[PDB]
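Worksheet for the structure shown next.
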Amino acid sequence: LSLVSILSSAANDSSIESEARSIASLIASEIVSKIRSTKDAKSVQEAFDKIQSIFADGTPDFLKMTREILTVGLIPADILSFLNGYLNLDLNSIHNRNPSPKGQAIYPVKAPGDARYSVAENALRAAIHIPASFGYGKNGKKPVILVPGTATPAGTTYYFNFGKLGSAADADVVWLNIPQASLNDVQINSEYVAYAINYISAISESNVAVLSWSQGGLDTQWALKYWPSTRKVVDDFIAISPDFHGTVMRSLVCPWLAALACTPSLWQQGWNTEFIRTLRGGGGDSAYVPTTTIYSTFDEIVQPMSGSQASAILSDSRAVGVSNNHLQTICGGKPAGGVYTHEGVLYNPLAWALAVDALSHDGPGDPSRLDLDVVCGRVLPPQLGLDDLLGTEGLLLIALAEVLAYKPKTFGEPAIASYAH
Ligand SMILES: [Ca+2]
């Protein structure tokens, strides 16, 4: 199967809403037609000019952003070809062959007080992609777990951004390919994060760091809350565009898809859901470990992502250290404080500088320790280029394919797990 086949099937799928079928058809036909060109971005500034053209009538929603990404010709053929074969890509595998962990048992229960796992150990461990270059904390490199966002596999997501964190920090990346691309129940998705934390810490005999994107923040926060043993081994939680309070919708429709029939994780990411309320209760709205949140006003998925009520904000009632980093505040009226989408924060220079600063100091990332004139003056971190910007934007095409192919669709959020009340 391919991105083209999934979207062509969705275009001919009677269960899907008229507008989404048209977008799927347009995208499937635009990919096969495009498979460099005159319309392609010749530079990084040209890529941003195309993004700013999409934002000309205001911040779009998920469906408008995804449709316009191809209309403006932001994704070149070579990147489209790579994104098209994401399902068969080894980096996105949920069937990785990892050895049994040594030392104290981490399954079924690492420590009293941890929530029971509903997922089998073999399935949890197989979701972890450990690169052959991983040093198991024997080389002075801190293991960093890359947690994916909604409808997008980790492997492809981080290939174009933080998969390269080791080039900027003393970080040894691993990524978690959550089955069904994080579209199932967030409570189930979180188990993969909780297990990955305790597993990577065990094999490395070291504390770890977690870097998450989008829903990845919710998966990590839930794992930290309900598996307290994970809190002791996580030194830094770097959250890119996190929706710790979910997101609002103008109409009575789900986040992302904006329909009546969606997926469990789409429905759970609503502002006033039982999921969000359950997570935020008992201090779940405060950090569990040093947390560095990084978010943008121009987030087309999550709102509000500015002001005092921003979804990304965590309080610090436990006194573990928290920094809530709003791009348009820290880099106000500067290139790094520009039009950075929900996915765009993954290639933001301030996001990278904060991630590096967080990993090199006790506590979270601190903008006061950075040379903000240099950092805010950039459009991309020195570690990333044009293809990284374009590829990260191209993820929306995979996110749409995964959302549309998800079956059976649901009209509401699932029941709250017994351990959470
Ligand atoms: Ca730190």
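Simple scheme: letters A, B, ... for chains in structure tokens order, numbers from 1 for residues in each chain, numbers from 1 for ligands in the order shown.
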>> Show me which residues line ligand 1, defined as having an atom within 7 Å of a ligand atom where only C-alpha atoms and all ligand atoms count, and present them as number ranges by chain.
In response: A: 235-236, 290, 358-365
>> Taking only region 242-358 of chain A into account, list the residues labelled strand (DSSP E) by DSSP (computed from the backbone), as a ChimeraX atom specification.
In response: /A:291-295,322-326
Please identify the helix (DSSP H, G or I) residues within region 142-349 of chain A (assignment by DSSP from backbone atoms) and present them as a PDB file with C-alpha atoms, in the first residue's frame.
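Written output follows (selection19.pdb):
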ATOM      1  CA  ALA A 154       7.669   8.722  14.312  1.00  0.00           C
ATOM      2  CA  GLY A 155      10.182   7.437  11.754  1.00  0.00           C
ATOM      3  CA  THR A 156       9.066   9.707   8.902  1.00  0.00           C
ATOM      4  CA  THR A 157       8.203  12.640  11.274  1.00  0.00           C
ATOM      5  CA  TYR A 158      11.669  12.858  12.834  1.00  0.00           C
ATOM      6  CA  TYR A 159      13.622  11.939   9.653  1.00  0.00           C
ATOM      7  CA  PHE A 162      14.787  16.043  15.572  1.00  0.00           C
ATOM      8  CA  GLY A 163      15.968  12.627  14.291  1.00  0.00           C
ATOM      9  CA  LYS A 164      19.149  14.772  13.764  1.00  0.00           C
ATOM     10  CA  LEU A 165      19.236  16.033  17.451  1.00  0.00           C
ATOM     11  CA  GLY A 166      22.503  14.063  17.975  1.00  0.00           C
ATOM     12  CA  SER A 167      24.186  16.574  15.594  1.00  0.00           C
ATOM     13  CA  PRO A 179       0.616   1.416  16.322  1.00  0.00           C
ATOM     14  CA  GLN A 180      -2.282   2.886  14.239  1.00  0.00           C
ATOM     15  CA  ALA A 181      -0.131   6.099  14.064  1.00  0.00           C
ATOM     16  CA  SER A 182      -1.415   7.499  17.435  1.00  0.00           C
ATOM     17  CA  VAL A 186      -4.477   8.196  23.860  1.00  0.00           C
ATOM     18  CA  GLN A 187      -4.625   6.081  27.114  1.00  0.00           C
ATOM     19  CA  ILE A 188      -3.347   3.051  25.084  1.00  0.00           C
ATOM     20  CA  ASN A 189      -0.825   5.221  23.130  1.00  0.00           C
ATOM     21  CA  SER A 190       0.630   6.397  26.492  1.00  0.00           C
ATOM     22  CA  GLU A 191       1.518   2.766  27.478  1.00  0.00           C
ATOM     23  CA  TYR A 192       4.042   2.699  24.604  1.00  0.00           C
ATOM     24  CA  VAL A 193       5.693   5.876  26.025  1.00  0.00           C
ATOM     25  CA  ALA A 194       5.709   4.512  29.647  1.00  0.00           C
ATOM     26  CA  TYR A 195       7.234   1.212  28.470  1.00  0.00           C
ATOM     27  CA  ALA A 196       9.742   2.967  26.116  1.00  0.00           C
ATOM     28  CA  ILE A 197      10.908   5.166  29.029  1.00  0.00           C
ATOM     29  CA  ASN A 198      11.494   2.229  31.433  1.00  0.00           C
ATOM     30  CA  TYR A 199      12.897   0.002  28.655  1.00  0.00           C
ATOM     31  CA  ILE A 200      15.375   2.546  27.209  1.00  0.00           C
ATOM     32  CA  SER A 201      16.462   3.533  30.754  1.00  0.00           C
ATOM     33  CA  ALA A 202      17.036  -0.190  31.652  1.00  0.00           C
ATOM     34  CA  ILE A 203      19.118  -1.183  28.536  1.00  0.00           C
ATOM     35  CA  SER A 204      21.181   2.046  28.806  1.00  0.00           C
ATOM     36  CA  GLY A 216       3.145  13.055  21.858  1.00  0.00           C
ATOM     37  CA  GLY A 217       3.053  15.566  24.739  1.00  0.00           C
ATOM     38  CA  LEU A 218      -0.285  14.133  25.945  1.00  0.00           C
ATOM     39  CA  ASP A 219       1.048  10.539  25.637  1.00  0.00           C
ATOM     40  CA  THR A 220       4.150  11.464  27.708  1.00  0.00           C
ATOM     41  CA  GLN A 221       2.246  13.464  30.376  1.00  0.00           C
ATOM     42  CA  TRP A 222      -0.259  10.564  30.804  1.00  0.00           C
ATOM     43  CA  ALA A 223       2.671   8.034  31.002  1.00  0.00           C
ATOM     44  CA  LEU A 224       4.450  10.229  33.616  1.00  0.00           C
ATOM     45  CA  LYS A 225       1.247  10.659  35.684  1.00  0.00           C
ATOM     46  CA  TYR A 226      -0.002   7.032  35.731  1.00  0.00           C
ATOM     47  CA  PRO A 228       5.235   7.207  38.418  1.00  0.00           C
ATOM     48  CA  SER A 229       8.346   4.960  38.045  1.00  0.00           C
ATOM     49  CA  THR A 230       8.990   6.754  34.683  1.00  0.00           C
ATOM     50  CA  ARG A 231       9.287  10.162  36.473  1.00  0.00           C
ATOM     51  CA  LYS A 232      12.518   9.046  38.283  1.00  0.00           C
ATOM     52  CA  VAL A 233      14.337   8.213  35.021  1.00  0.00           C
ATOM     53  CA  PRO A 264     -10.559   7.979  19.464  1.00  0.00           C
ATOM     54  CA  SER A 265      -7.449  10.249  19.743  1.00  0.00           C
ATOM     55  CA  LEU A 266      -9.064  13.005  17.601  1.00  0.00           C
ATOM     56  CA  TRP A 267     -12.153  13.100  19.874  1.00  0.00           C
ATOM     57  CA  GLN A 268     -10.016  12.902  23.082  1.00  0.00           C
ATOM     58  CA  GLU A 274     -13.270  13.544  29.839  1.00  0.00           C
ATOM     59  CA  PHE A 275      -9.762  12.476  28.670  1.00  0.00           C
ATOM     60  CA  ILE A 276      -8.236  15.999  29.084  1.00  0.00           C
ATOM     61  CA  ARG A 277     -10.146  16.646  32.372  1.00  0.00           C
ATOM     62  CA  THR A 278      -8.945  13.239  33.755  1.00  0.00           C
ATOM     63  CA  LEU A 279      -5.321  13.950  32.735  1.00  0.00           C
ATOM     64  CA  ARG A 280      -5.319  17.505  34.158  1.00  0.00           C
ATOM     65  CA  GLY A 281      -6.841  16.425  37.489  1.00  0.00           C
ATOM     66  CA  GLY A 282      -4.609  15.816  40.542  1.00  0.00           C
ATOM     67  CA  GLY A 283      -1.833  18.083  39.233  1.00  0.00           C
ATOM     68  CA  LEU A 327       7.883  31.638  19.692  1.00  0.00           C
ATOM     69  CA  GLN A 328       6.106  34.975  18.997  1.00  0.00           C
ATOM     70  CA  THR A 329       6.944  36.260  22.539  1.00  0.00           C
ATOM     71  CA  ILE A 330      10.645  35.201  22.858  1.00  0.00           C
ATOM     72  CA  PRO A 335      12.546  35.627  11.782  1.00  0.00           C
ATOM     73  CA  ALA A 336      12.302  32.750  14.363  1.00  0.00           C
ATOM     74  CA  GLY A 337       9.053  34.321  15.666  1.00  0.00           C
ATOM     75  CA  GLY A 344       6.786  23.902  11.678  1.00  0.00           C
ATOM     76  CA  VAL A 345       7.937  24.183  15.325  1.00  0.00           C
ATOM     77  CA  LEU A 346       9.960  20.924  14.601  1.00  0.00           C
ATOM     78  CA  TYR A 347      12.254  22.989  12.307  1.00  0.00           C
ATOM     79  CA  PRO A 349      15.697  27.542  15.386  1.00  0.00           C
TER      80      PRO A 349
END
> Nearest to residue 272 (chain A) among A:255, A:381, A:153, A:246, with distances taken over only C-alpha atoms: which residue is it?
Replying inline: A:246
>> Please report the interatomic distance between CA of residue 411 (chain A) and CA of residue 118 (chain A) in Å with one decimal.
In response: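 Calculated distance between CA of residue 411 (chain A) and CA of residue 118 (chain A) is 23.3 Å.
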Spatial neighbours of residue 44 (chain A), max dist 8 Å, only C-alpha atoms, sep filter under 5 positions, as a PDB file with N, CA, C and O atoms, in the first residue's frame:
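Okay, this is what ended up in selection-v6.pdb:
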ATOM      1  N   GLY A 385      18.071  21.918   6.757  1.00  0.00           N
ATOM      2  CA  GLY A 385      18.040  22.633   5.487  1.00  0.00           C
ATOM      3  C   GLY A 385      16.656  22.678   4.876  1.00  0.00           C
ATOM      4  O   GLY A 385      15.673  22.298   5.521  1.00  0.00           O
ATOM      5  N   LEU A 386      16.582  23.135   3.618  1.00  0.00           N
ATOM      6  CA  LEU A 386      15.353  23.244   2.833  1.00  0.00           C
ATOM      7  C   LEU A 386      14.516  21.949   2.807  1.00  0.00           C
ATOM      8  O   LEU A 386      13.326  22.012   3.111  1.00  0.00           O
ATOM      9  N   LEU A 389      12.643  21.308   6.020  1.00  0.00           N
ATOM     10  CA  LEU A 389      11.480  22.195   6.114  1.00  0.00           C
ATOM     11  C   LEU A 389      10.339  21.596   5.262  1.00  0.00           C
ATOM     12  O   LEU A 389       9.228  21.420   5.766  1.00  0.00           O
TER      13      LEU A 389
END
>> One decimal, in Å: what's the spacing between CA of residue 85 (chain A) and CA of residue 133 (chain A)?
In response: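 About the pair CA of residue 85 (chain A) and CA of residue 133 (chain A): they are 23.7 Å apart.
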> Between CA of residue 80 (chain A) and CA of residue 33 (chain A), what is the distance, to one decimal in Å?
Replying inline: 10.8 Å
>> So that I can check the surroundings of residue 130 (chain A), please list as a ChimeraX atom specification every protein, DNA and RNA residue that reaches within 8 Å of it, counting only C-alpha atoms and ignoring chain neighbours fewer than 2 positions away.
In response: /A:96,98,128,132,134,173-175
Take the selection from the previous step and output its residues with N, CA and C atoms, as a PDB file, in the first residue's frame.
ATOM      1  N   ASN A  96       9.875  -3.998  15.361  1.00  0.00           N
ATOM      2  CA  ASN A  96      11.316  -3.966  15.621  1.00  0.00           C
ATOM      3  C   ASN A  96      11.713  -5.132  16.512  1.00  0.00           C
ATOM      4  N   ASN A  98      13.991  -6.056  19.318  1.00  0.00           N
ATOM      5  CA  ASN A  98      14.784  -5.530  20.422  1.00  0.00           C
ATOM      6  C   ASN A  98      15.010  -6.590  21.501  1.00  0.00           C
ATOM      7  N   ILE A 128       9.415   0.261  19.556  1.00  0.00           N
ATOM      8  CA  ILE A 128      10.642   1.043  19.704  1.00  0.00           C
ATOM      9  C   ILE A 128      11.622   0.777  18.576  1.00  0.00           C
ATOM     10  N   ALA A 132      20.863   1.092  14.800  1.00  0.00           N
ATOM     11  CA  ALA A 132      22.068   0.265  14.968  1.00  0.00           C
ATOM     12  C   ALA A 132      23.251   1.052  15.563  1.00  0.00           C
ATOM     13  N   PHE A 134      22.880   3.300  18.098  1.00  0.00           N
ATOM     14  CA  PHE A 134      22.577   3.579  19.516  1.00  0.00           C
ATOM     15  C   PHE A 134      23.680   3.050  20.434  1.00  0.00           C
ATOM     16  N   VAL A 173      19.281   9.315  19.850  1.00  0.00           N
ATOM     17  CA  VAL A 173      17.865   9.183  19.529  1.00  0.00           C
ATOM     18  C   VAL A 173      17.393   7.743  19.287  1.00  0.00           C
ATOM     19  N   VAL A 174      16.164   7.491  19.733  1.00  0.00           N
ATOM     20  CA  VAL A 174      15.365   6.296  19.478  1.00  0.00           C
ATOM     21  C   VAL A 174      13.982   6.855  19.165  1.00  0.00           C
ATOM     22  N   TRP A 175      13.195   6.169  18.350  1.00  0.00           N
ATOM     23  CA  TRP A 175      11.854   6.699  18.119  1.00  0.00           C
ATOM     24  C   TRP A 175      10.793   5.636  18.325  1.00  0.00           C
TER      25      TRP A 175
END
Give me the residues within 6 Å of residue 299 (chain A) as a short mmCIF file (atom, residue, chain, number, x, y, z; two decimals) with N, CA and C atoms, in the first residue's frame, counting only C-alpha atoms and dropping any in the same chain fewer than 2 places off.
data_model
loop_
_atom_site.label_atom_id
_atom_site.label_comp_id
_atom_site.auth_asym_id
_atom_site.auth_seq_id
_atom_site.Cartn_x
_atom_site.Cartn_y
_atom_site.Cartn_z
N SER A 296 3.69 27.81 18.93
CA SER A 296 3.51 28.95 18.05
C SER A 296 2.06 29.42 17.91
N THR A 297 1.86 30.74 17.76
CA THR A 297 0.56 31.38 17.50
C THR A 297 -0.03 30.84 16.18
N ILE A 301 -3.56 23.60 13.97
CA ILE A 301 -4.21 22.42 14.53
C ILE A 301 -4.76 22.69 15.92
N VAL A 302 -3.93 23.29 16.78
CA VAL A 302 -4.23 23.54 18.18
C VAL A 302 -4.43 25.02 18.43
N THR A 341 4.09 26.69 11.72
CA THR A 341 2.90 25.85 11.86
C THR A 341 3.07 24.87 13.03
N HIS A 342 2.04 24.05 13.28
CA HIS A 342 2.03 23.01 14.31
C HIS A 342 3.25 22.10 14.09
#
>> Restricting the calculation to only C-alpha atoms: of A:131, A:304, A:333, A:391, which residue gets closest to residue 90 (chain A)?
In response: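 Result for the nearest residue to residue 90 (chain A): A:131.
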When you look at region 168-170 of chain A with a cut-off of 7 Å (counting only C-alpha atoms), what residues show up, excluding the ones that are within fewer than 3 positions of it in the same chain? I need them as an mmCIF file with N, CA and C atoms, in the first residue's frame.
data_model
loop_
_atom_site.group_PDB
_atom_site.id
_atom_site.type_symbol
_atom_site.label_atom_id
_atom_site.label_comp_id
_atom_site.auth_asym_id
_atom_site.auth_seq_id
_atom_site.Cartn_x
_atom_site.Cartn_y
_atom_site.Cartn_z
ATOM 1 N N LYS A 141 26.447 9.920 25.643
ATOM 2 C CA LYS A 141 25.304 10.450 24.903
ATOM 3 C C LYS A 141 24.034 10.045 25.621
ATOM 4 N N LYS A 142 23.224 11.035 25.989
ATOM 5 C CA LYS A 142 21.969 10.816 26.694
ATOM 6 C C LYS A 142 20.925 10.206 25.741
ATOM 7 N N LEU A 165 18.900 15.367 16.177
ATOM 8 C CA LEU A 165 19.236 16.033 17.451
ATOM 9 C C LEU A 165 20.666 15.717 17.947
ATOM 10 N N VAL A 356 18.576 21.952 22.985
ATOM 11 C CA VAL A 356 20.016 21.826 23.246
ATOM 12 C C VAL A 356 20.331 22.368 24.645
#
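Using only C-alpha atoms, the shortest contact distance between residue 323 (chain A) and any of A:47, A:209, A:77, A:351 is found at A:351.
Each of A:375, A:420, A:89, A:176 was compared to residue 1 (chain A) using only C-alpha atoms, and A:89 turns out to be the nearest.
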